[PDB]
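Handing you a structure now.
Letters are used for the chains, namely A, B, C, D, E, F, G, H, I, J, K, L, M, N, O, P, Q, R, S, T, U, V and W, taken in the order the chains are written, and counting of residues starts over at 1 for each.
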Amino acid sequence: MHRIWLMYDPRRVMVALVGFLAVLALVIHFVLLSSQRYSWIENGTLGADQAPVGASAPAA
Amino acid sequence: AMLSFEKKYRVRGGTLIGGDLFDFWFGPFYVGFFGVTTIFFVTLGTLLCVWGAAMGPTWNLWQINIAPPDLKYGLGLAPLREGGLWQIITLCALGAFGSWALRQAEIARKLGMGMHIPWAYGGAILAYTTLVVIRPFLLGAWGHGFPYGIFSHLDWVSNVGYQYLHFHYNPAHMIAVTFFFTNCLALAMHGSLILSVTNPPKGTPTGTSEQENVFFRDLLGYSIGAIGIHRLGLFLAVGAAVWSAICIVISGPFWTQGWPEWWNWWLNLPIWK
Amino acid sequence: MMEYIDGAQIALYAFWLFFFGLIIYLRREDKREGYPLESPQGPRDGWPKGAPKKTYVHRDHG
Amino acid sequence: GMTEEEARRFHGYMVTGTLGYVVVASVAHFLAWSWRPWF
Amino acid sequence: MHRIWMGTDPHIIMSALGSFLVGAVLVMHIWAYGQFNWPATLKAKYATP
Amino acid sequence: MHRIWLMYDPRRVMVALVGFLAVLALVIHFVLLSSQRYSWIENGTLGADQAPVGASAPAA
Amino acid sequence: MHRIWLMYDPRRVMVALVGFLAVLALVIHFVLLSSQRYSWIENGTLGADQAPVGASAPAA
Amino acid sequence: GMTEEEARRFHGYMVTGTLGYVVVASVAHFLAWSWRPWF
Amino acid sequence: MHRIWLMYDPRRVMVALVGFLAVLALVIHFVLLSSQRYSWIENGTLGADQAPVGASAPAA
Amino acid sequence: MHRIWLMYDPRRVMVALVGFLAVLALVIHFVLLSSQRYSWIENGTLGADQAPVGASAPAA
Amino acid sequence: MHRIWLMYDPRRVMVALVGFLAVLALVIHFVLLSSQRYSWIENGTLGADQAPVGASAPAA
Amino acid sequence: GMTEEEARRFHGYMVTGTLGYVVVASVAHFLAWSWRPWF
Amino acid sequence: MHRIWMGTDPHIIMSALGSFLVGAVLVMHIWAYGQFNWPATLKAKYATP
Amino acid sequence: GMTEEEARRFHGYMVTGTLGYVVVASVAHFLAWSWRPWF
Amino acid sequence: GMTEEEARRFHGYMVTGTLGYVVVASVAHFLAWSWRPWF
Amino acid sequence: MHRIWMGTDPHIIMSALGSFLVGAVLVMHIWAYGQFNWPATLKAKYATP
Amino acid sequence: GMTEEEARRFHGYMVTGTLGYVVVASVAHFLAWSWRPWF
Amino acid sequence: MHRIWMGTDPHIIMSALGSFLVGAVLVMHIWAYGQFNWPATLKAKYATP
Amino acid sequence: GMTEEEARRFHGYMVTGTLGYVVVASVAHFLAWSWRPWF
Amino acid sequence: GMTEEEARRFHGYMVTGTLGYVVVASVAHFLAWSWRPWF
Amino acid sequence: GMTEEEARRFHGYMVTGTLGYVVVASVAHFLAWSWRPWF
Amino acid sequence: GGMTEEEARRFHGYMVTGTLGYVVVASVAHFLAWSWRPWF
Amino acid sequence: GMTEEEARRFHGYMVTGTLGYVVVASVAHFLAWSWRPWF
C-alpha cells in the first residue's frame, strides 16, 4: 500500500486530503443546519420524541 | 521602497504641467501636479460621499444612496440636501478621473512609453461622462444622472431600461454586449495560451511563439499573432465602452419609443415589405 | 430552521474565502520579479512574501 | 520523492491517524444517534 | 504468539489500543445510560419538586 | 489482463477513478436526497410502510 | 478481425468506448427516471399491474 | 504500435470483455422485464 | 510525529493555522449571533429557560 | 518563547498585529453600534433596566 | 523603549500615525453628526435635558 | 514508464481493491434494502 | 494449506480480518437487537412509568 | 512477503485463533438459544 | 520496529495489562448484575 | 514497564495528561452538578424571598 | 530547512500550545454551557 | 521530582502558572457570587428604598 | 528522547503521582457517597 | 535577523505591552459590564 | 539608520507630543461631557 | 537551554514552598467561608 | 504466475475447500428442509 507515497508526493496528498475532509465536513454540517430535523443551534434541546419529522403519508 | 531594477528609471522630466515642482515619488506612487489634483478631488469627493451617508438613513454600505436632484431643477444646482450634493460629488469625480488620465500620460512620458494607456482609459471616462453629463444635458436636467449607491444605481439601471419597455432590443446595446462577451472570451484564450506555453507539464521544455501560433490557428482557423491579439483585446475592451456610451445616449435624447418597435425599418425594406 | 442563515448566504461566504485566498496567491505570483524591494532600511518583501524567481528550461536544441 | 523505507514508515502514522480519526468520528456518531436518531 | 509485535512501534500500538478503548468505553456508557434508566433515577432522587 | 496497465499510467488511472467515483457517489446521494421516498435526513425514521410512494395508475 | 487494433490504437479506443458507454447508460437511466412508468426511485415498489401506462387511442 | 500477435492477444480479451458485459446487461434486462415489462 | 516539520515549513504552517482559526472562530461567532437562540448581544441577559427555542414537531 | 522572534521578524509581526487589532476593534464597535441594546451614541444615558432586551420564548 | 525607532523609521511612523488619526477623527465626527443625539449643527443649542435619547425597553 | 512485473503487482492490488470495494458496497445495499426496499 | 500466505504481509492479513470481524459483529448485533426485542425488554424493565 | 517457513508458523496460530473464536461463538449461541430460541 | 527480544518482552506486559483490564471489568459486571440484572 | 517512556518527551506526556484531566474533570463536574442538584440546592438555601 | 533536532524542539512547543489552546477552549465551552446549553 | 523542571525557563513556568491562577480564581469568585447570594446581601443592607 | 535511565526514573514518579491522584479521588468519592448515595 | 539576546530583550517589552493592553481592556470591560451587563 | 542616541532624542519628542495630544483630547472630552454627557 | 539539574533543584524547593503556602491560606479561607455560609 | 507444480498443489486444496463448503451446505439444507419444507 505504501507505494502510494512513492507514486504521489505525500506533501501534495495531505493537502488534498485535508481539503477534501474540510469541505465534506462543512457541506454535511450546513446541510444538517439547514434541515428542520437537525437545525441544532435553534432546536438542539428538544429531545428525540418532539424533534421534527418529514411528512409520512404515501396516501391516507 | 523600490523594485530591484527601478532606481535608474526615476529621472526628472516628462511632466505636462508643473515641471520639477511635484516631480517626485511617495512610496511606490509617482506624484506630479496631476497627482496633487488627483488627491484633492479624491479626498473632497470621498468626504462628501461620507457626508451623504451621514445625512441619509443608514450607514449600511450596500444601502447608502446619494441621489441626484428632482428633474424640476433642470440644469441648475439644486439645494445640497436635495441633490446638490450629488452634483458637487460629480464635479469631483470628473476632476479625479481627468487628473488620473493626465497623470498616466506624465508617467508614460517619463518611461518613454506610448500614450496607449491614458487613451484606453479615456474610453471609460467617456462612458461616465455620457451617463452624468452628456445624456442629462441633452435631456435638459441633471436629475437624469444615476445615483451614487452600490445597489441604488442598479435600481436606476433597471428603471432606465424599462423606460424603453424591452432594452435588449436596443441595437447599439446588442453590439456593446457582443463586444463585452467577445472580450471576455478573447481574454480567457490569451491568458490560457501564454500560461500554457510558459507553464507546460512537468519535464516538458518551455514553449515558444510557434506553438502558441499553431494552437491558436487550430482554434480560430487563422493566426492572430503576438501584436494582433493585444490590438484585438484593446479594440474589444474599448469598443465595448464606446458602444455602451452610444447605446445610452441614443436612449431618450434620440429614441423615445420602446426599443422593439425600432426594428420596424427592417420589416419594411422594399424587397419584402 | 435557521431563519437568517440561508444557502445563498452560505455560498457567498464560501466564495469570499476562496476569492481572498486567490488574491493572496496572485499577489505571491506578482512578486517573482523585482523583489525583494530596495529601501534605505534594507530589503523589503511586502505582503504576502513573493514566490521565488523561476528558472526556465530552454528547448534543448530544436 | 522518498525511499521505500520512508514511504513505509510514513504509512504507519498515516494509518494510525486514520484509525484515530475514525474512532473519534464513531463516538461522535453514537452521541448524535443517541441524541436524535436518523433511522 | 509474541512474534506478531515484531516490526511495530510500541507507541503506535499503545496509541491505537488506547484510542479504541476510550471509544469503546464511551459508546458502552452512552448506550448503558439509555437502557438501564441510570442516572435518570439518580436525578429523580435529588430533584426539587 | 494486467498488461492493460502497460497502456495506462496507473498514477493517472487512480485519479480518474477517484474523481469518477466521488462524482457518482455525490450525484446518487443528492438524487435520493431530492426524492420524497428517500429524503432520509428529514424522514429516515419512518418505517418502510410509512415512507412515501409514487402515484399508482388511476383506478378510483 | 484483430487487425482493427493495428488501424486504431486500443489505448484510444478503450477510453472512447468507456466514455460512450458511460454517457449512453446515464442518458437511458435519466430518460427512464423522468418517465411516469419507470420513475423507480419513487414508484419502484408498485407491482406491474399498478404501474402507470400512457393513455390509448380514444377508440370509443 | 502493436504487432499483429500483440493485437491478436488484445482481441481475445476485448471479445471476452464484450461478452461479459452483454451477459450482465442481459440478466439486468430480464430482471427489469420481470419487474415491469415495456411491451 | 515531529518529522512533519521537515515535510512542511513551520513558518508557513503556523501562519496557515492562525489564519484558519481566525476564520473559523469568526464563522462560528457570526453564525451564532445571527441565530435567535444565541443572539447574545440583544438577548444575552435572558435566562436559559427564557431563551428562544426552535419549534417542536407538529401536533394535531 | 522568545525564539518566535527568530522564526518571525518582529518588525513585520507588530505591523500585522497593529493591523489585526485595529480591524477587530472597529468591527466589534460597529457590531455593537448596529445593535439595539448597545446603540450607545443614542441610548447610552439609559439605565441598565431601561436598555432594550431581545424577545424571549413565549410561554405555553 | 526608544529602540522601537531603530526598528521603525520615525519618518514613516509619523506618516502612518497622522494618516490614521486623520481618518479616525473624521469617522468619529461623521458618526456623531449622523446621530440624532449629537447632530450638533442642527441641535447643538439644546440643553442636555432637551437632547434626544433613544427608545427605552417598554416595561411590559 | 512501467515494467511487466510492476504492472502485474499493481494489478493484484487493483483487483483486490476493486472487489473489496464492491463487497463493502454490497453490504451497504443489503442494509439499505433492509431499511427501505426500492422494489 | 499454509502456502496461501507466502506472498502476503501478516499485518495486512490481521488488519483485513480484524476489519471484517468488527464489521460483521456490529451488523450482526444491531440486526439481532431488532429481531430479539432485547435490550428493549431490559429498558422496559427499569423504565420510570 | 513471507517464506513458507514464516507462513507455516503463521498458519498454525491462525488456525488456533480461528478455532478459539468458533468455540467462544459456539458457547455464546448455546447461551442465546437457551435464553430465546429463534426457531 | 521491534526486534523479537523487544516483542517477546513487550508481549508479557501487553498480556498482563489485558488480563488486569478484564479482571477489573469482571468485577464491574458482577456488581452491575447484582444491581440491575439485564436478562 | 518503564520502557514505554523511552522515545517520549516528558513535557509532551505531562501536557497531554494534564489536558486530558482538565477536560475530563470539567465534563464530570457539569454532569454531576446536573444529576446531584448541587449547587442548585445550595443556591436555594441562600436566596432572598 | 530544519534539522531533525530543530523539528523535535518545535514539535514540543507546537503540541503544548495546541493542548493549551484546547484547554482554554474547553473552559469557554464549560462557561457557555452553564449559561445556555445547546442540548 | 525536581527534574521535570529541567529544560524549562522559570519565567515561562511562572507566567503560565500565574495566568492559570488568575483565570481559575476569577472563575471561582464569579461562580461563588452566583451561588452564595453575596455581595447581593451586602447590597441589600445599604440600598435605599 | 528519554534514555532507559530517565524512563525508569520518570516511571516511578508517574506511578506515584497516579496513586496520589487515585487516593485523593477515593476520599472524594467516600465523602460524596456519605452525602448523596447514587445507587 | 536578530541575535537571540535581541530576541530575548524584545520579548520582555512585548509581554509587558501585551499585559498592559489586556489590563486596560479588562478595566474597559468591567466599566462596560457595570454600565450595561450583557449576561 | 539612526544612532541609538538619535533614537533616544526622537523618543523624547515622540512621547512628549503623544501625551500632549492626549492631554488636549482629554480636555476636549471634559468640555464635551459637560455639554452633553453620553452616559 | 533551560534549567540545569541544580537550577531545577533550587526552583523546586521554592515551588513546593509557594504551593504549600497557597494551599494553607486557601484552607483558612475555606474554613471562614464554611463557618459563615455552609454549602452542604 | 503459478507454475505447473504450484497449480497441482493449489488444485488439491481448491477441491478440498469446495467439497468442504458443499458438505456444510448439505447439512444446512437438510436442517432447513426438516424445519420448513419448500416443495
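The rule is simple: a contact is a pair of C-beta atoms (placed from the backbone, for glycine too) under 8 Å apart; a residue touches a chain by one contact, two chains touch by 3 or more.
Over half of the residue-numbered contact pairs at E-O are shared with one candidate from P-S, D-E or P-Q, namely P-S. Two chain pairs, D-E and G-L, are weighed by contacting C-beta pairs, with D-E ahead.
Distance between subunit M and subunit R, defined via averaged C-alpha coordinates, is recorded as 50 Å. Subunit J and subunit V, compared by their mean Cα positions, are separated by 37 Å.
Averaging C-alpha coordinates per chain places the centre of subunit K 68 Å away from that of subunit M. Computed centre separation for the pair subunit B/subunit D is 54 angstrom, with centres defined by C-alpha atoms.
Shared interface positions of subunit F, i.e. residues touching 2 or more other chains, are given as 1, 10, 37-38, 41, 45, 51-53. Within subunit D, contacts with two or more other chains are made by residues 13, 35, 37-39.
Each of residues 1, 3-4, 10, 38-39, 42, 46 in subunit M touches at least two other chains. Interface residues of subunit A, counted against subunit D in their complex, comprise 1-6, 9-10, 37-38, 48, 51. Residues 4, 7-8, 34-38, 40-41, 44 of subunit R are the ones that touch subunit P when the two sit in their complex. Across the complex, subunit D meets subunit E through its residues 12-13, 16, 19-20, 23-24, 26-27, 30-31, 34. Those residues of subunit S whose C-beta lies close enough to touch subunit E in the complex are 36, 38.
Per the touch definition, subunit F reaches subunit G in the complex via residues 7-8, 31-32, 35-38, 52-57.
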